[PDB]
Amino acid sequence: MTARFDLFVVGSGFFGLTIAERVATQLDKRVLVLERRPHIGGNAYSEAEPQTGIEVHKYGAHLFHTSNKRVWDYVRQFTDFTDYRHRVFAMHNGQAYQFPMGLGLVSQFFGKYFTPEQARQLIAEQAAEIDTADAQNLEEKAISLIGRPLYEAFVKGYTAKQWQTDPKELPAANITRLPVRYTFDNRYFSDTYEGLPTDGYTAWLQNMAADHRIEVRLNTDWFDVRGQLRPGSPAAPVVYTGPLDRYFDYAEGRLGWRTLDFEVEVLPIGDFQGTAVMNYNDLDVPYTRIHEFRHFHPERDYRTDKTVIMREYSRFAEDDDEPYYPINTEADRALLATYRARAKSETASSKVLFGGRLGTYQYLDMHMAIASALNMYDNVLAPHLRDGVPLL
C-alpha cells in the first residue's frame, strides 16, 4: 500500500533541484524529478565546446551572485566558486564604454572627467523630467536614474531589441536590476557574494540531484506521464516549475514572454573582444550582446589560437518556444492574477505548487529562485510532508 514517491517535481532547474535536494536530504523522502529536456539544470545547463574545451552556457551567460548568506552557504555544498567578478562593456557608435552607470560611463560619453559630485549634478539635471519615486515604467525609471541622454544612448535601443515592447509598458524593476553608481566601480552586480562554478554549472547541478532518493527522468513531459505517476503516489504533492499559462492549456489566454536564439561560433583567433560580455546598444545590429566564454574563466588556461563566441538574439516566444523572460505588461499582470487564482485552486484540489521563473511568471535570477525554493520548502512543503499541514 506504499506510494512509490513522496514528491513530484516538474523541471530540473535550480528551483526544482533545490526543492528535490532539500526534501530528499532533510526529510528522507523520495523525489521524482521530471525534465522535459535531454539534460538537467534548466537554462543553467552548460557544456564544453569540443575544439577549445571552453565551457559554454547553452542558454545564455549565467553569472551567480547573491547577498543572501544562507543561499551562499547552501550552494557551496554542491560547488566551489571562482573569484570572477562580472563586468559588462557597452558598444555604442563604434566605441566601447564602461558600464553600467558610473564615472567611467559618464566621463567617456560626455567627453571629460566628472567628479562624483559633478556627475551627480549632471545626471540630476538630465533626470529632471521624472523622479525615481514617481517612476512607473522602465523608461521613466531609467531616465530618473541615469538621465535622458544616457537612457537614449544605452537603454532605449537595447530595450527595443530585448523586449520589442514600449518602454512605457515595461516594469521599472527591469532597469533597476542594474547598479546606479557615481564611482569608477563597474561591477555589473552589487551583491556581497559572486562567482562562477569552478567545475562548471552542469557539475554543480548534478551534485544537487546526486542524492540516491532523487530520481531524474530526462526527456519526460509531465503532462505525458502525470496520469500514470500520481496514482502510484496519490498523497505526493507536485511542484511545477514550467510555464504557468501552459499548465492550464492557455485557458485564460497567453502570457507575454520573450525567448532567445543563440549563434555559437568558434573563431580562429584567440580573443574576439577582450571581455566576457559586450552589450550592443545600437539598433544597427540584430543581437543584444556577445558572450566570449574564455573570459569567464581566466584561471583556466585555454588555447590561444581559437575562441568561442555567442551572439544573442531576442524575440517573442511562440506556441512551442521555450520562454526565457516574462514581459509583465499591465495586461500580462492582469492575466497572471487569473492564473494565480487558478494556481491557488490547483494547490487546494490537487496539491500542486507553483514555483520558479516560469511557474510564477517572475524575472528570477538564480539566487532568487533558490531562495524562493528554500522559502517554499521551509514554509509550505516541509510542514506538509513532515507534519501533515495543508499546502495553503
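Start at 1 with the first residue shown and count on from there.
With 226 to 234 and 261 to 269 compared on mean CA B-factor from the PDB entry, the stretch scoring higher is 226 to 234. Just going by the entry, 188 to 196 versus 315 to 323 on mean CA temperature factor gives the higher value to 315 to 323. Going by the entry's values, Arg246 shows the largest Cα B-factor out of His291, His92, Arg85, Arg246.
Sort the modelled residues of the chain by CA B factor and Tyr302 lands in the highest third. Split the chain's modelled residues into thirds by C-alpha temperature factor. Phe14 is in the lowest one.
Ranked against the other modelled residues of its chain, the C-alpha B-factor of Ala373 as given in the entry falls in the lowest third.
Sort the chain's modelled residues by C-alpha temperature factor and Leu335 lands in the middle third, per the entry. In this PDB entry, the Cα temperature factor of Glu55 sits in the bottom third of its chain's modelled residues, the lowest group.
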